[PDB]
Amino acid sequence: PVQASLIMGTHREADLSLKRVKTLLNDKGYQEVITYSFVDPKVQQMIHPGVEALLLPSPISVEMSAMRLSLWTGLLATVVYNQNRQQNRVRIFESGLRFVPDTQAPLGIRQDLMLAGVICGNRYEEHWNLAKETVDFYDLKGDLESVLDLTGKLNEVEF
Amino acid sequence: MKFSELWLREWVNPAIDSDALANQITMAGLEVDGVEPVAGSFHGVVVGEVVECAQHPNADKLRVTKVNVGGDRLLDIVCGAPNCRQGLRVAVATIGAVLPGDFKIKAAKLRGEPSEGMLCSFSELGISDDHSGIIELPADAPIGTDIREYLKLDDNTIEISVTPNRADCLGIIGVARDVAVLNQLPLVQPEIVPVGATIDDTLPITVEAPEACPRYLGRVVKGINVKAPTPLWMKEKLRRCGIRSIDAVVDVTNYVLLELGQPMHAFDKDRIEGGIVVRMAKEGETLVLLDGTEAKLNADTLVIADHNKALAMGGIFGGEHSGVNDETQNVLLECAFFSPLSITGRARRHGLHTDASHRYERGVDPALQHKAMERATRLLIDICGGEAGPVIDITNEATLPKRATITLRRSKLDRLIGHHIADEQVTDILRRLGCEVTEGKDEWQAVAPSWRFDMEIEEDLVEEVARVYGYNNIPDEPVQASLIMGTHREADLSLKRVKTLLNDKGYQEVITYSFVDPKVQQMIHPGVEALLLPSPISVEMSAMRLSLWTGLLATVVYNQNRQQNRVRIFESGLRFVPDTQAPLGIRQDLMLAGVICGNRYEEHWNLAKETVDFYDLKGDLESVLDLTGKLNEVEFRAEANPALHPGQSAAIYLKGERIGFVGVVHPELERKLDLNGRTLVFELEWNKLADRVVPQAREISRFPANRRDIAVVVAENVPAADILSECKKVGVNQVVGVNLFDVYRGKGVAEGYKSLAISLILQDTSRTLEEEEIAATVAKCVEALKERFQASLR
Amino acid sequence: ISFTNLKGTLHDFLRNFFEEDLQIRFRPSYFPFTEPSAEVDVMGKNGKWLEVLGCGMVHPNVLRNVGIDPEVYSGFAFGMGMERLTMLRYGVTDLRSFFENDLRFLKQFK
Amino acid sequence: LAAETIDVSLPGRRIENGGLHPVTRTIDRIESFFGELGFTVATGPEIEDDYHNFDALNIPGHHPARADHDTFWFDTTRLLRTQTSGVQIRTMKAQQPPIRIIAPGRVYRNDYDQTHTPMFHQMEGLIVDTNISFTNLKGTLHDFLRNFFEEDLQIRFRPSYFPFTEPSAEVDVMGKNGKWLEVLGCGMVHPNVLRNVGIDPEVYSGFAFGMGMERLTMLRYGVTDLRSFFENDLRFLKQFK
Amino acid sequence: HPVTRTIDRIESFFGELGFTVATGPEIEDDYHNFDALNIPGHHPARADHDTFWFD
Ligand SMILES: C1=C(CCNCc2ccccc2)CCCC1
Ligand SMILES: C1=C(CCNCc2ccccc2)CCCC1
């Protein structure tokens with residue numbers, strides 16, 4: 001066994017763990033997914049039109065050739081995958097970096113860690129005491145207010 | 001332990017401030033509780049002598065006086081104290097003085113006659129609160145002198161907390177001895193010269209318990225004045241140490257107790273029949289203490305008795321009639337050493353806590369009785385007069401405590417400390433503490449002094465070397481140890497993860513006391529006898545909870561009394577259910593319990609204000625149980641619980657094991673405790689569900705699935721979950737999903753019967769299914785429902 | 001395991017617990033299961049010191065009574081009240097309000 | 001009086017719980033193992049330069065493990081990282097020993113089979129102290145593998161080559177098929193790596209290691225194909241709740 | 001609860017140092033609460049602690 005000193009690490013109570021946020025989403029009915037960082041630019045250019053993204057000169061495929069500007073391209077691509085297999089109601093999220101060209105950022109590209117999700121279908125599965133209603137805006141905002149309430153700064157949030 | 005600082009500096013006066021001395025006492029293992037001045041702050045008060053005292057011509061209470069304060073003339077003072085005579089030396093607050101409370105002294109008339117000052121009392125100076133009269137100073141009082149110089153009122157009374165070790169530090173000498181070793185200064189001890197007997201009288205003193213009282217010193221003092229006044233220097237030294245002045249005899253015994261740490265007592269010689277018998281009390285022997293309360297003593301208690309009766313509890317408390325009264329003239333001074341194991345516990349067994357028992361049960365210096373006896377005799381004679389007989393010495397050198405001979409090795413010293421302390425600095429520290437140190441090859445061998453009772457092993461010397469060297473001068477070094485992972489089990493379920501889920505479902509964690517009111521707990525769990533607490537903090541907290549519901553429901557009432565109807569809380573803790581086969585006759589299981597009430601949500605513009613029902617709490621429990629992955633193996637069966645509504649209560653089973661309850665509190669129990677409405681409660685045994693299923697991947701079918709719905713009519717008493725478990729167990733080759741989406745009771749189905757709408761999802765990994773085997777597998781489930789539930793299809 | 005290890009561990013602990021390079025003193029005390037024993041104080045904004053920790057090197061009679069050799073092994077122990085450290089960390093006045101369980105008080109710790 | 005008797009066996013009023021991706025579950029396990037060992041977790045960008053991903057690891061431009069690394073490039077300097085090395089190179093420059101970190105994240109290579117995907121997760125540990133030895137590398141890795149699979153299984157250390165370590169080694173666990181199965185690589189940090197980050201190999205030493213997360217997840221939970229992880233079939237992910 | 005936040009914080013402090021959390025009952029006998037800690041029956045710690053005694 002390694003013989004080394006037992007020195008504590010840097011702990012900041014003001015830090016919010018990404019694992020705490022992922023766990024809360026799991027308790028609100030969200031399933032974590034992981035998608036690729038490079039996506040199809042033809043699909044990304046109809047979600048983020050006019051936004052030139054960083055492209056791979058020699059990619060494994062043209063459908064996997066553009067570094068994602070947001071996680072919505074991969075998330076919405078996953079929704080169609082499950083919907084094409086008799087799964088109408090999906091509630092998923094993902095954490096990962098986005099790649100936006102910025103001349104003021106290191107290496108001419110800025111890579112910020114994002115947290116994105118998407119819900120569709122009914123609010124619940126077919127339940128003997130819950131009525132079939134499709135999800136609306138205030139359902140997703142409610143889950144966001146629960147995420148933002150972990151910071152104690154929800155009173156300083158505008159929509 | 002309270003003591004005067006000026007008294008402490010009479011033995012050792014280091015060149016440091018008072019607070020620098022207090023922190024120095026703290027760093028020696030004597031935590032100071034506070035440092036308070038002896039009296040209030042004031043100036044302009046001086047000694048004085050009344051020269052003439054006459055009746056006030058217009059006030060029967062008052063007295064017109066003329067006081068001399070060494071000034072150019074005599075001051076006219078008015079005073080209404082009863083002890084205002086003419087040959088008195090008083091404390092005079094002259095004009096221009098100011099007393100505590102910014103009480104400026106100005107010339108004024110009191111009922112007509114002039115007054116150029118004020119005669120002071122102890123309360124008017126912030127000393128004590130003896131407002132019976134004014135101050136009576138000794139006749140030797142210098143007239144023009146300030147009261148702070150004569151009374152030494154620029155002093156602080158230090159209060160220290162002395163742990164059960166360091167028994168020597170319960171007297172001025174003991175604390176001064178240790179203050180000396182930190183400053184490496186010598187200890188100044190007053191000259192205590194023996195008095196030498198002048199008369200012949202004694203009395204027979206025999207001790208029949210030498211192991212309990214190794215040494216007992218008796219001395220008769222004939223013809224004393226009990227009513228003699230205690231001199232002022234002694235009244236202040238006692239008062240600055242937290243001891244009031246009583247009688248001249250008990251003030252002497254209290255003075256030597258505080259100065260040397262030696263407890264002492266004084267009997268009435270003329271009420272002693274035969275002699276003194278230091279013996280163990282007879283089992284059941286009664287004795288009347290000084291406070292009037294009787295004590296039925298045990299054979300374990302050592303007592304000071306005569307040839308007929310018992311007189312006092314050995315080294316703990318004195319008797320009622322055996323002590324000094326107001327007409328006695330000959331006293332017998334007791335000064336003894338008692339083995340601490342013979343005194344400890346006996347005082348608390350009878351609810352007594354004295355200056356004597358607190359010191360004997362920790363250990364008093366066994367080489368100290370003679371030095372203290374000679375001081376008490378000299379101080380008693382110079383106050384009350386009289387002639388002292390010889391000292392009666394009854395010492396058993398065998399049962400005396402032996403000074404231990406401990407060896408301190410350099411190996412353990414730097415191992416337990418981790419910091420090198422020079423051997424020159426080690427040998428000095430042990431010697432200044434009173435040890436006979438013999439230096440050797442990387443080793444010392446010291447003999448602990450007589451006054452120390454906590455020096456018995458090698459480690460005790462390490463604490464002494466380190467605390468004198470200074471803990472604040474030992475460096476920090478991170479522990480270098482092994483980096484080993486340990487045992488992790490993925491099948492474990494974290495309690496923190498479950499609390500996290502309940503937090504994300506709208507529950508607030510609470511913590512309630514383990515002991516609860518048995519009146520309320522009997523209403524929730526009637527007929528079950530709980531473990532009770534003799535002599536509790538309260539009768540409403542005198543019953544170990546057998547469930548967390550008593551504290552939970554008491555908490556929702558606490559919050560409903562504060563205009564908060566909606567309460568969603570949970571708690572985790574141990575329950576205490578008695579059991580013969582359990583360790584210590586009580587089985588302590590970790591339980592998870594909660595309770596909800598009020599509307600399902602707070603008031604919202606788009607959420608219906610509906611009261612929480614049974615299925616709201618179960619949905620929270622199914623979210624908890626879903627973490628284990630064994631939700632397919634959980635069953636809810638309606639079982640009776642006296643605290644729960646019979647038609648809406650459920651026992652929670654896991655593969656045959658009932659892991660708790662869930663239901664609405666019984667409406668009669670709800671009427672009690674005045675719950676503002678319907679409340680739902682649950683409780684779970686944590687150790688039964690603290691294990692989850694580790695996932696194992698199965699092949700996903702690449703072929704489409706087929707859904708079929710069925711309408712099954714059964715009796716209303718047939719649990720719907722058992723029909724779903726029958727559809728999923730019969731169909732295992734193809735049926736991958738069984739979900740109930742509607743329950744109908746009413747027109748179309750006969751009364752007492754209900755129709756369940758169940759959707760079956762069929763899929764296989766190898767092919768696509770067709771209506772031939774689909775209808776055949778559905779018919780396989782329909783028939784199974786007719787063999788077990790007499791069901792049908794509509 | 002030495003007294004230098006006991007001081008360094010609790011110094012790391014107190015500084016990381018209060019997230020502040022604060023002043024700390026070690027003063028001797030007594031516990032029947034430690035020798036040397038100590039109590040650890042910190043100076044709050046009130047100016048006075050505040051005891052929070054008790055600690056000490058494990059007594060050899062305890063290591064003996066379980067099956068450990070104090071000549072071979074050593075070690076320190078420590079103990080602390082969580083309510084006292086919670087009040088200092090979050091500014092809680094009355095200690096009784098921890099078990100009253102007023103929801104107006106518990107909501108502040110989301 | 002009134003008997004409001006209900007059936008307590010109906011499904012409760014709730015929304016079904018969601019789960020984490022099986023790669024995240026594995027990552028959080030290994031972090032919890034090394035968390036109890038003093039290993040801080042470090043993160044960094046997924047787009048690096050040739051210095052932080054190649055040159056600083058004793059891999060010059062002519063070295064084969066560079067073009068023959070199945071690497072995605074943008075310019076002649078910018079590239080998609082093939083290892084979580086830029087975050088460890090930067091940490092060693094910011095602080096002196098002792099260091100004890102693990103660096104999880106996504107990495108990118110250019111093959112796409114049943115055994116390979118263009119993107120995958122990698123967990124790379126690092127410890128730099130004074131008396132770090134090869135016996136320590138065997139101990140902390142046999143401890144990890146025994147705890148990750150919760151079994152006292154057969155392992156073996158086998159000589160290998162990595163341009164940033166020497167001695168280098170790969171470890172195998174006795175697969176359920178009778179043959180060995182490569183699990184992770186490791187080795188004592190190369191002195192040239194410590195040199196260009198301000199650490200002297202005469203005073204300090206250390207070892208690093210790396211492992212594929214999809215690799216160990218397929219062994220742990222019995223996953224057949226590696227494409228199942230990034231297809232994100234809800235029926236597949238719902239097994240790891 | 002505000003004190004569980006404290007306990008969970010301290011556990012994560014000593015978790016990074018190799019301290020494994022251990023739990024046990026609250027109703028103990030006299031050996032595991034006093035005797036094994038060098039606190040005999042005559043020691044004042046059995047009363048200065050102010051203890052709740054069942055038997
Ligand atoms: C058992 C224990 C537990 C006693 N309580 C801990 C404590 C230690 C030091 C100061 C204050 C409190 C101590 C070590 C040996 C085995
Ligand atoms: C090592 C690294 C880079 C790669 N990570 C460790 C590894 C080792 C063996 C196999 C795979 C991965 C960071 C700087 C110091 C030395």
# chains A, B, ... in the order shown; residues from 1 in each chain; ligands from 1
$ interface_residues --of "chain C" --to "chain A" --cutoff "12 Å" --atoms "only C-alpha atoms" --output "PyMOL selection string"
chain C and resi 1+5-6+8-20+89-90+107-110
$ residues_near_ligand --ligand "ligand 1" --cutoff "12 Å" --atoms "only C-alpha atoms and all ligand atoms" --output "ChimeraX atom specification"
/C:6,28-40,51-66,68,74-81 /E:31-39,45,49
$ residues_near_ligand --ligand "ligand 2" --cutoff "7 Å" --atoms "only C-alpha atoms and all ligand atoms" --output "NGL selection string"
:D and (57 or 83-85 or 88-89 or 124-126 or 162 or 164-165 or 184-187 or 189-190 or 193 or 208-211)
$ write_last_selection --atoms "C-alpha atoms" --output "compact mmCIF listing (two decimals), in the first residue's frame"
# COMPACT_ATOMS: atom_id res chain seq x y z
CA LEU D 57 3.80 13.28 -22.69
CA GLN D 83 -6.58 11.03 -23.36
CA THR D 84 -7.41 13.16 -20.31
CA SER D 85 -3.80 14.34 -20.18
CA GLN D 88 -3.01 16.42 -15.48
CA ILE D 89 -0.21 18.29 -17.27
CA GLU D 124 -6.87 8.19 -15.73
CA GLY D 125 -5.36 8.32 -12.26
CA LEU D 126 -2.15 9.96 -11.09
CA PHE D 162 3.70 3.81 -23.17
CA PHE D 164 5.01 8.60 -20.88
CA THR D 165 5.80 5.70 -18.51
CA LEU D 184 -6.26 -1.19 -17.89
CA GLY D 185 -2.79 0.19 -18.47
CA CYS D 186 -0.40 1.80 -15.98
CA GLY D 187 3.24 2.53 -15.23
CA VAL D 189 5.63 8.27 -14.66
CA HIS D 190 8.49 8.99 -17.06
CA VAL D 193 7.28 14.08 -18.13
CA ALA D 208 -0.29 6.78 -13.49
CA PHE D 209 -2.96 4.48 -14.88
CA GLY D 210 -5.84 4.53 -17.33
CA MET D 211 -8.88 2.44 -18.16
$ interface_residues --of "chain D" --to "chain E" --cutoff "10 Å" --atoms "only C-alpha atoms" --output "NGL selection string"
:D and (32-40)
$ residues_around --residues "residue 80 of chain D" --least-positions-apart "6" --cutoff "10 Å" --atoms "only C-alpha atoms" --output "PDB file with C-alpha atoms, in the first residue's frame"
ATOM      1  CA  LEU A  56     -13.969  17.904 -38.704  1.00  0.00           C
TER       2      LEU A  56
ATOM      3  CA  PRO D  45     -11.556  20.713 -22.139  1.00  0.00           C
ATOM      4  CA  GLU D  46     -12.200  18.059 -24.768  1.00  0.00           C
ATOM      5  CA  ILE D  47     -10.385  20.066 -27.477  1.00  0.00           C
ATOM      6  CA  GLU D  48      -6.649  20.303 -26.788  1.00  0.00           C
ATOM      7  CA  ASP D  49      -3.435  21.354 -28.505  1.00  0.00           C
ATOM      8  CA  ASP D  50      -0.605  19.086 -29.612  1.00  0.00           C
ATOM      9  CA  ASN D  53      -2.001  15.768 -25.590  1.00  0.00           C
ATOM     10  CA  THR D  71      -6.703  10.927 -33.922  1.00  0.00           C
ATOM     11  CA  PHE D  72      -9.196  13.579 -35.004  1.00  0.00           C
ATOM     12  CA  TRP D  73      -7.421  16.783 -36.042  1.00  0.00           C
ATOM     13  CA  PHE D  74      -8.595  20.304 -36.841  1.00  0.00           C
ATOM     14  CA  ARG D 106     -14.506  11.725 -22.893  1.00  0.00           C
ATOM     15  CA  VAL D 107     -11.819  10.881 -25.448  1.00  0.00           C
ATOM     16  CA  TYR D 108     -11.977  10.449 -29.210  1.00  0.00           C
ATOM     17  CA  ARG D 109     -10.459   7.928 -31.620  1.00  0.00           C
ATOM     18  CA  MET D 119     -16.028   8.540 -28.633  1.00  0.00           C
TER      19      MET D 119
END
$ atom_distance --atom1 "atom CA of residue 59 of chain A" --atom2 "atom CA of residue 102 of chain A"
21.9 Å
$ residues_around --residues "residue 55 of chain A" --least-positions-apart "5" --cutoff "7 Å" --atoms "only C-alpha atoms" --output "list in words"
residues 65, 66 and 67 of chain A
$ atom_distance --atom1 "atom CA of residue 516 of chain B" --atom2 "atom CA of residue 554 of chain B"
9.4 Å
$ closest_residue --among "A:48, A:22, A:127, A:141" --to "chain B" --atoms "only C-alpha atoms"
A:127
